[PDB]
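Take a look at the structure set out below.
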Amino acid sequence: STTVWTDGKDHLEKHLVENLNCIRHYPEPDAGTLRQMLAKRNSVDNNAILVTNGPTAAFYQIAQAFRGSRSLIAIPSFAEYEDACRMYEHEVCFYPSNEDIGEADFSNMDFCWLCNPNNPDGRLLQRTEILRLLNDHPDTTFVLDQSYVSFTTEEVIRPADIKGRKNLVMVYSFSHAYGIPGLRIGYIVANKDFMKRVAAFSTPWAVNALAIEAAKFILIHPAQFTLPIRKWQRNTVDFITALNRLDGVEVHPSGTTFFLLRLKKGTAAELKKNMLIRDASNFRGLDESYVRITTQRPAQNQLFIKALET
Amino acid sequence: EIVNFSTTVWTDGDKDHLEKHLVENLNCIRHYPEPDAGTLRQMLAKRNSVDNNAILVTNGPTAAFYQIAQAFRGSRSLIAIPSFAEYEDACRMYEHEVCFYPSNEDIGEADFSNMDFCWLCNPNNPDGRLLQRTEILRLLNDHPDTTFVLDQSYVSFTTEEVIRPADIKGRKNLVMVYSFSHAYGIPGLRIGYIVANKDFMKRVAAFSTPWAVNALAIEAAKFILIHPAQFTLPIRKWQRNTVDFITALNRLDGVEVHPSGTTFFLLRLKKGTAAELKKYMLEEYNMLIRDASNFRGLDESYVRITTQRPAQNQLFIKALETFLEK
Numbered sequence: 021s022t023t024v025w026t027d028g030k031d032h033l034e035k036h037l038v039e040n041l042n043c044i045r046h047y048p049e050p051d052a053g054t055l056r057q058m059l060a061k062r063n064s065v066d067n068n069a070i071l072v073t074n075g076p077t078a079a080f081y082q083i084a085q086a087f088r089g090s091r092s093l094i095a096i097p098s099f100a101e102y103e104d105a106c107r108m109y110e111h112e113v114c115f116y117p118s119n120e121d122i123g124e125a126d127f128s129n130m131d132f133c134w135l136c137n138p139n140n141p142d143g144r145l146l147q148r149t150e151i152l153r154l155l156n157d158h159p160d161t162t163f164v165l166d167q168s169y170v171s172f173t174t175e176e177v178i179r180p181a182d183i184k185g186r187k188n189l190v191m192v193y194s195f196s197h198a199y200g201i202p203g204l205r206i207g208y209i210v211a212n213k214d215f216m217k218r219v220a221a222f223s224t225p226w227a228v229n230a231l232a233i234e235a236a237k238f239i240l241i242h243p244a245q246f247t248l249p250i251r252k253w254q255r256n257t258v259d260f261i262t263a264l265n266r267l268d269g270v271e272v273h274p275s276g277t278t279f280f281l282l283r284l285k286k287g288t289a290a291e292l293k294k301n302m303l304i305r306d307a308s309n310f311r312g313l314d315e316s317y318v319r320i321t322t323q324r325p326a327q328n329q330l331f332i333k334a335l336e337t
Numbered sequence: 016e017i018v019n020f021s022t023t024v025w026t027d028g029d030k031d032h033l034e035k036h037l038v039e040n041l042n043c044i045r046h047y048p049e050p051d052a053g054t055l056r057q058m059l060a061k062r063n064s065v066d067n068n069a070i071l072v073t074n075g076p077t078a079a080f081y082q083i084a085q086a087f088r089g090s091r092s093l094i095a096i097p098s099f100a101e102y103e104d105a106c107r108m109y110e111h112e113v114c115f116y117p118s119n120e121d122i123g124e125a126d127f128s129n130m131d132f133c134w135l136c137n138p139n140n141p142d143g144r145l146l147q148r149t150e151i152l153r154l155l156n157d158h159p160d161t162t163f164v165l166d167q168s169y170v171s172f173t174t175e176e177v178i179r180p181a182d183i184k185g186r187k188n189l190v191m192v193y194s195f196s197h198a199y200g201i202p203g204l205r206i207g208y209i210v211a212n213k214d215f216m217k218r219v220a221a222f223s224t225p226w227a228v229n230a231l232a233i234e235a236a237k238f239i240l241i242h243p244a245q246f247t248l249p250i251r252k253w254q255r256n257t258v259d260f261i262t263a264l265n266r267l268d269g270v271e272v273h274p275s276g277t278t279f280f281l282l283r284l285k286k287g288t289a290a291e292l293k294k295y296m297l298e299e300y301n302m303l304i305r306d307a308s309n310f311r312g313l314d315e316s317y318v319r320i321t322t323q324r325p326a327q328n329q330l331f332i333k334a335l336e337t338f339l340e341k
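Protein chains in written order, with UniProt numbering: chain V, 21 to 28, 30 to 294, 301 to 337; chain U, 16 to 341.
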């Protein structure tokens, strides 16, 4: 149902419980101290981080800073790239995430919005296929949804890749990798002329005090919040082979731990009517036959096959 | 260990039970909140005698000021000063043409001719200026073509009769912005809300972003709403400690306290600066005060002070007296 790494404990929660009084005071209007910690950690400049009320808020603030830009959006994809581009009167062009991104026409594209690995495709672009996009189309700025940068092993572009570039902008998330969608925190990494344009629309105290406290704890404790990614995909591999062999159901490949699956007969809404699943009908480029599915833990996997078979 | 005189937040509330409640429902951080905070919205509407259509939960009351400014980028705004700097910042960010006007002169008698918005806060930060529920009603009535945006953050920091959410009814030119930060000591949770008639409300909804209100905040608010008594503020006792505080302050020589209708107030140094005063009180006496210099319409002689406990107030008077003699 959700693209959130969920089987992660009370060591972050003990911390929050101990520091609950932080809700009695204003956060830095700036989340300025977290910003600095993220900058030094990510080996990027201080003025190249901007802490945001969740990864979603960040997409909206980027759209807004460049109203009337022309945007290229790979579909199917997170609906928010599109809603944000529309709220700010971008002319939006679509392009299939299953066609090679390189063969798309960037001639008149100010922005290209990628998520990689992609939601829901799981489509995964090599770290190298992207570095050359950035080189071949300098007049296009690539907004890379980095939400699932952790849900894979093959190398990724990272924040320090902004250096000697101007057409790379990144959005990081705390909801997915660390299991805290309810806290609403993320951040933008960008070269500093772009960030200046983004910053003009920052509002004070947009990032809540618990979220900042939680983010600081996650940073002072790398090892405690490392996603067991190897183990995760290996389980999805097993979960899908067990799905392909079923009949009247085929599973579109993925580069990560969630993936789409298609019904030959039978509707998403109906297969949705105590396990939750994502009816993928509401992505552009997917019809009623499609659902997104996130790889859980063996027992509950091997027990999905069954409730479906029937 | 530091005593805080610099915030307009009610700090002495009973929070053990609110806080125990968040500890119990801490798992809410693991799931998206309603994108909409729709259940909170629903319970606010009912509590406030208003339609579901007329509330919009926001990421703090500040967020609401900006979302309103945004929805009306063209607009001309009349802002009373001094006031919360955020009305101004909002209006600027969204390129409003901004007219100023003195809060302690009668706003009922300013120039509303081509004003699309008028921004008030009652009782006012930092002044404590308080308009009668009645003075406000004739403004709403006399100027149909000005939307009045009424910061209600401090609506409970007064004994007097206030405008309330159910005033939007049969009235299109009233908008309220409510707050959970001030009355309930939870500024760090970032939660507040808009009350407006639904024609206005839909101009602002057009810029709403999902999951803008975080989960724990939704949860704190739900708890406060279910327990009106528990979170009721002791306003008579605070107001009255404020009188004993202001009286002692005026007796001091070299300082003047601007009259106030609520539990915080401006004081003016005859000589010395706010920066000077604030550093001393902090370093010498472990007390924090608000340098009010950065308010439009005040210079470096002004500080904002919120009444703390009597014993702390008493001890702040010596702290100050000691300053003056230097």
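The beta-carbon is built from N, C-alpha and C at its ideal position, and this holds for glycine as well.
Check	Outcome
CB contact below 8 Å: U:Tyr47 versus chain V	yes
Closest residue to U:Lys184 among U:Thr322, U:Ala69, U:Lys61 and U:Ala235 (Cα-Cα distance)	U:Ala69
U:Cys114: first and last residue of the uninterrupted beta strand (DSSP E) it sits in	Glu112 to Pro117
Closer than 8 Å to chain V by CB, U:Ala69	no
Three-way DSSP call (helix, strand, coil) for U:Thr77 in this model	helix
V:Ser118 and V:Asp142 closer than 8 Å at C-beta	yes
Integer-rounded CB distance, given that V:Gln329 should sit under 8 Å from V:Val219	Contact flag wrong, Cβ pair sits at about 46 Å.
Interface residues of the segment 232-244 of chain U facing chain V [CB-CB below 8 Å]	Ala232 and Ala235
Closer than 8 Å to chain V by CB, U:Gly89	no
Chain-ordered chain V contacts of U:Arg205 [CB-CB under 7 Å]	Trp226 and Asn229
Ordered list of beta strand (DSSP E) runs contained in the segment 248-284 of chain V, each at least 3 residues	270-272 and 279-284
Meets three-Cβ-pair contact criterion under 8 Å: the segment 27-41 of chain U and the segment 234-242 of chain U	yes
The segment 125-140 of chain U / the segment 155-166 of chain U touching (three or more Cβ pairs under 8 Å)	yes
8 Å Cβ cut-off: residues of chain U touching V:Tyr116	In chain order: nothing, as chain U lies at least about 25 Å away.
Presumed contact (8 Å Cβ cut-off) between U:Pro180 and U:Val210, rounded CB distance	5 Å
Helix, strand or coil at U:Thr162 [DSSP, three-state]	strand
First and last residue of the uninterrupted alpha helix (DSSP H) at V:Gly207	No alpha helix (DSSP H) contains V:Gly207, which is instead part of the beta strand (DSSP E) from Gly207 to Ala211.
C-alpha gap between V:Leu55 and V:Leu189, whole angstroms	22 Å
Interface residues of chain V facing U:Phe20 [CB-CB closer than 8 Å]	Going along chain V, no residue has its Cβ under 8 Å from U:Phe20, so there is no contact; the nearest lies around 15 Å.
For U:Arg148 and U:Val177, the rounded distance between their alpha carbons	5 Å
Contacting positions in the segment 31-45 of chain U - beta carbon closer than 7 Å to chain V	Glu34, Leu37, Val38, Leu41, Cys43, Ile44 and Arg45
Below-8 Å beta-carbon distance, U:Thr77 vs any chain V residue	yes
Buried or exposed (CB count within 10 angstroms, at least 16 for buried), U:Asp268	exposed
Chain A within 8 Å of V:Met108, Cβ atoms only	This model lacks chain A altogether; the protein chains it does include are V and U.
Interface residues of chain U facing V:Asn74 [CB-CB closer than 9 Å]	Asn74, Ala78, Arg205, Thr224, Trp226, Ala227 and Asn229
Inside the segment 309-340 of chain U only - alpha helix (DSSP H) runs reaching at least 4 residues	325-339
Proximity to V:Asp182 [Cα-Cα], best of V:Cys43, V:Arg305 and V:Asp66	V:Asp66
Rounded Cβ spacing between U:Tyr208 and U:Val72 (contact assumed at less than 8 Å)	5 Å
Exposed unless 16 or more other CB atoms sit within 10 angstroms - verdict on U:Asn63	buried
V:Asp51 (DSSP reduced to helix, strand or coil)	coil
Test item: CB-CB of V:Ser21 and V:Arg324 under 8 Å	no
Within 8 Å of chain U by C-beta, residues of the segment 140-152 of chain V in sequence order	none
9 Å Cβ cut-off: residues of chain U touching V:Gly200	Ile44 and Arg45
Identity of the residues DSSP links to U:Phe99 by a beta bridge	Per DSSP, none; premise fails for U:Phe99.
Collapsed DSSP secondary structure at U:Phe87 in the structure displayed	coil
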